[PDB]
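Encoded as structure tokens, the following chain is the form deposited in one PDB entry, with no partner shown.
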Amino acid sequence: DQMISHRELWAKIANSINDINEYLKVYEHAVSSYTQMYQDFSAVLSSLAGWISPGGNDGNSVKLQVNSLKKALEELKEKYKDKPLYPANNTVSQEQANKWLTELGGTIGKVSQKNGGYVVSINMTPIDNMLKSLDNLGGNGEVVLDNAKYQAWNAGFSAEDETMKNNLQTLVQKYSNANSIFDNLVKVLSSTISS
């Protein structure tokens, strides 16, 4: 083709730098949103010790304060109902949301609707699973479980905690890799047209 000027060359690069920055900011916001939710959830698990007391007359059953635990988990759900993983502002097409959902992890997000568009919500399945487990315990707002049943339910609570913690570390790793790839790509690209 013809010639390209220095100004249009660097205008293309400045525009590409902005496009790369917006791409990396998607990972950064997804990490920050999921981190805040996991921190909120971890405070619920550490509060569990204060929501249980001796149950049977032998004293080796466990009385679970089910209404306290569900209220804490339900407030968790409502807090993040309108805090999507992507995008941080406004909405995108359903197809664009589906692509970013696969890019981040199918079990970490979930596509939902907003303002006539679509977003990638935080997948609340770990929270829904424990709200479901608590309702299957029955009871009068307070349930008395035998020791074997409490340890079984407690282990399921800790398994959901581990799933979310591993999801976060996976997302943190994807962000760190994307960061170093595109930080160095910009450094390479800037270095080689400057000289």
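In this text, residue numbers run from 1 along the sequence as written. Basically, rigid core = biggest C-alpha set you can superpose within 1.5 Å across the two forms.
Residue-level annotation: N57 lacks coordinates in a third or more of the other entries compared, counting only those that model residues on either side of it.
Between 134 to 142 and 49 to 57, it is 134 to 142 that carries the larger average Cα temperature factor according to the deposited entry. Once the C-alpha B-factors are averaged per stretch, 171 to 179 and 6 to 14 rank with 6 to 14 first.
Among the modelled residues of its chain, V111 has a C-alpha B-factor that falls in the middle third according to the deposited record. For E75, the recorded CA B-factor ranks within the middle third of the chain. Only modelled residues enter the ranking.
Sort the modelled residues of the chain by CA B factor and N147 lands in the highest third. The entry lists a Cα temperature factor for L104 that places it in the highest third of the chain's modelled residues.
The same protein has a further form, the form deposited in another entry, not shown here; the description that follows concerns it.
Core-aligned CA deviation for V172 between this form and the one not shown: less than 2 Å. Relative to the superposed core, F182 undergoes a C-alpha shift smaller than 2 Å between this form and the one not shown.
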